[PDB]
């Protein structure tokens, strides 16, 4: 009930990549039951970022997934209190990122707080040289356990020279109160950087997310 057909959110991120500290502030909006959302992010410290924006784009919104009638929505049910998540991203060349997030609701506006720590990226690799070109469309496989959801994604970044740069995401999503738990299911996503200024200190992105059953 508390999640309306149109919702806004604000996000703050603090992080470091290979020891380089930075912060991001942003705002977004979307249609939580249609599974669509947009956001505009601004670098507020440590810019211009000496690494690909693609590392950060997936950390900016789980209340905005479309679900079929028979898969209960773990994220929407957790409100007004909300939920947390913790994520590990691991890349084929050894880069590793840990991300924690808190999602809360203040006066009808979603509030996101993100912390990120990335390490072991080769200083001449595609992430630190800003040679990626966004995330390909992905599927996250989720399953329930002790009142939380655990997700895994086998994922690929596009490379400027034409290749693919592989990554694995493992995330645990935890509601701040008990909710009715779904079965295992999948979420299909596509996230796009839709505009950016010259040095990627202002960036806009768009995501479409839809849940479905797995057939096996």
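Positions refer to the first chain, counted from 1.
Missing deposited residues between residue 60 and residue 61: 1 to 3, all without coordinates in the entry. If you average the C-alpha B-factors over 37 to 45 and over 162 to 170, the higher value belongs to 162 to 170.
Comparing the deposited coordinates for 153 to 161 and 50 to 58, the stretch with the larger average C-alpha B-factor is 153 to 161.
Looking at 86, 92, 102, 145, the one whose CA carries the top B-factor in the deposited record is 145.
Highest C-alpha temperature factor among 199, 25, 204, 14, as the PDB entry reports it: 199. In the deposited entry, the Cα temperature factor of residue 180 sits in the top third of values across the chain's modelled residues.
Annotation for residue 133: C-alpha temperature factor in the middle third relative to the rest of the modelled chain, per the entry. Ranked against the other modelled residues of its chain, the C-alpha B-factor of residue 72 as given in the entry falls in the highest third. Among the modelled residues of its chain, residue 97 has a C-alpha B-factor that falls in the lowest third according to the deposited record.
When the modelled residues of the chain are ordered by C-alpha B-factor, residue 109 sits in the highest third.
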